[PDB]
Amino acid sequence: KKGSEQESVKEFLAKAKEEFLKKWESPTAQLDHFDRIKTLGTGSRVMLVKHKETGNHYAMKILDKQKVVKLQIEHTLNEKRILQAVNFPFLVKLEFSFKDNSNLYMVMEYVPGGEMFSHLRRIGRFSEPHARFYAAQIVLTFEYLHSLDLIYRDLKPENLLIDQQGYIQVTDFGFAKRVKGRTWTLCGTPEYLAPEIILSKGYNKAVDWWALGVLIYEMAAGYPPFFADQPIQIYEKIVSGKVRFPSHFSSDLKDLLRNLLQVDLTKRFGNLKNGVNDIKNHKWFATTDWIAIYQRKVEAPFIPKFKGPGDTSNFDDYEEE
Amino acid sequence: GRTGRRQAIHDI
Ligand SMILES: CC(=O)Nc1cccc(CN)c1
Ligand SMILES: CC(=O)Nc1cccc(CN)c1
Numbered sequence: 007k008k009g010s011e012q013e014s015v016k017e018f019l020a021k022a023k024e025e026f027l028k029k030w031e032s033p037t038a039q040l041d042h043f044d045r046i047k048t049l050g051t052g053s056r057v058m059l060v061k062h063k064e065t066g067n068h069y070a071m072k073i074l075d076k077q078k079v080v081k082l084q085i086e087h088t089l090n091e092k093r094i095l096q097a098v099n100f101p102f103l104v105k106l107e108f109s110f111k112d113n114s115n116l117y118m119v120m121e122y123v124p125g126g127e128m129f130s131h132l133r134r135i136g137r138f139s140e141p142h143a144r145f146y147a148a149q150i151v152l153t154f155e156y157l158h159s160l161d162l163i164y165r166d167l168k169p170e171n172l173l174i175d176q177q178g179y180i181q182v183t184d185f186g187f188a189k190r191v192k193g194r195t196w197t198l199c200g201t202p203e204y205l206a207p208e209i210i211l212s213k214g215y216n217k218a219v220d221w222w223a224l225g226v227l228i229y230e231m232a233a234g235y236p237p238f239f240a241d242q243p244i245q246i247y248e249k250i251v252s253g254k255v256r257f258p259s260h261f262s263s264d265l266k267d268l269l270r271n272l273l274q275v276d277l278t279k280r281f282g283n284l285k286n287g288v289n290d291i292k293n294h295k296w297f298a299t300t301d302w303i304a305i306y307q308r309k310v311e312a313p314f315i316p317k318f319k320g321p322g323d324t325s326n327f328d329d330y331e332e333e
Numbered sequence: 014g015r016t017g018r019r020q021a022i023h024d025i
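Structure representation (structure tokens):
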């Protein structure tokens, strides 16, 4: 039975790689086709827009060529090329992309449930079954991406949107990269960086598994495991090899997290002979029906409220520029 | 620790 399940994963990934490669090797609209509505998020912006012809709403990522000045540029090409070639239930869909004299634009499906980040900070923490439901989707998404030699490199609740079924949509592929062995760019978000990134070591997809450990801890605790006011203090905590857990964490959860938040790459789950199955077959996931999650048959822990098309009530406000 | 949204870092 587990043998049948493993053969079926092999089959699915072989077909997924064939489809990805067709689009990867052979990868529009214009700005006046959309009414800009509201900024949904911003960083070093994404706007809700409304397509004038069809009335459909989208999330438009706008990249200022005057800001993307850092050697930033490769990462932007990675993002567009990867998003146009992947296809998975928990990855945001890219619809259009175009550019003008000032900006690059990627137009994606609008996911109106808001960021996991908002919901988590509002309620404080998620119970373990609630956290597990989200974590299972990330596990499957990384099994898919890594099989295509893609590393994601920016997992955190800010980048996980909740859709109308209560499932996750992974957004922001700005640091995602196709990597056949190791890569060397120092990039990511401080609380979620693996030790080998901070230590300026060439690294591989195991940094995404470390970051899953940070995410599961933060979802279940309400704060991440390496927590300080300044990035340099965070980095010292990450490289030490020490993690402490809330007293309400189950022992199964602590065991899984000790194996993800493992500084020694010869021991870190996701990075061993059995690959992702050390994670999928861990006791903390014993209740998880992996195929039922993929097929979206599992009832979600909560469904965000929506008042209609173009509703932005589940997002925070930002200064409009 | 930092409780608001966290910015990614693109180089060192
Ligand atoms: C028709 C088809 O796609 N069959 C298939 C593919 C791959 C593997 C297996 C083995 N059970 C069967
Ligand atoms: C496609 C999409 O809606 N992206 C998005 C929206 C809001 C915020 C963020 C930042 N993590 C990203």
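As given, the protein sequences belong to chains A and B, one line each in that order. Residues 7 to 33, 37 to 53, 56 to 82, 84 to 333 in the authors' numbering are what the first sequence spells out, letter by letter. Okay, so the second sequence: first residue is 14 according to the authors' numbering, each after it adds one. Just so you know, even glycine gets a beta-carbon here, dropped at the ideal spot from N, CA and C.
Can you give the Cα-Cα distance for residue i and residue j, rounded to whole angstroms?
| i | j | result |
| --- | --- | --- |
| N271/A | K319/A | 42 Å |
| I46/A | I73/A | 13 Å |
| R144/A | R93/A | 31 Å |
| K23/A | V191/A | 15 Å |
| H294/A | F154/A | 16 Å |
| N216/A | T65/A | 42 Å |
| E332/A | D75/A | 15 Å |
| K266/A | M128/A | 22 Å |
| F239/A | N113/A | 41 Å |
| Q245/A | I210/A | 12 Å |
| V15/A | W302/A | 11 Å |
| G50/A | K7/A | 45 Å |
| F108/A | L19/A | 26 Å |
| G14/B | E203/A | 10 Å |
| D24/B | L198/A | 5 Å |
| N286/A | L167/A | 23 Å |
| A312/A | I305/A | 10 Å |
With a Cβ-Cβ cutoff of 8 Å, do residue i and residue j count as a contact?
| i | j | result |
| --- | --- | --- |
| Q20/B | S130/A | no |
| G178/A | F314/A | yes |
| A218/A | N289/A | no |
| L173/A | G125/A | yes |
| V119/A | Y156/A | no |
| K292/A | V151/A | yes |
| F43/A | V57/A | no |
| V251/A | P207/A | yes |
| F297/A | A97/A | no |
| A233/A | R134/A | no |
So with Cβ pairs under 8 Å, would you call residue i a contact of chain B?
| i | result |
| --- | --- |
| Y235/A | yes |
| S53/A | yes |
| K189/A | no |
| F327/A | no |
| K81/A | yes |
| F257/A | no |
| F138/A | no |
| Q274/A | no |
| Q84/A | yes |
Against residue i, what residues of chain B qualify as contacts under a CB-to-CB distance less than 9 Å, listed in chain order?
| i | result |
| --- | --- |
| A240/A | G14 and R15 |
List, in order along the chain, the chain B residues whose C-beta lies closer than 7 Å to that of residue i?
| i | result |
| --- | --- |
| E170/A | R18 and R19 |
Give the residues of chain B in contact with residue i, contact being defined as C-beta atoms less than 8 Å apart.
| i | result |
| --- | --- |
| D166/A | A21 |
### Query
Got a sec: which bits of the stretch 195 to 215 of chain A sit with their beta carbon under 7 Å from any beta carbon on chain B, in order along the chain?
Under the 7 Å Cβ criterion, the stretch 195 to 215 of chain A contributes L198, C199, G200, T201, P202 and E203.
### Task
For the stretch 121 to 145 of chain A, enumerate the residues whose C-beta is nearer than 8 Å to any C-beta of chain B, in chain order.
Within the stretch 121 to 145 of chain A, the residues whose Cβ lies closer than 8 Å to some Cβ of chain B are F129 and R133, listed in chain order.
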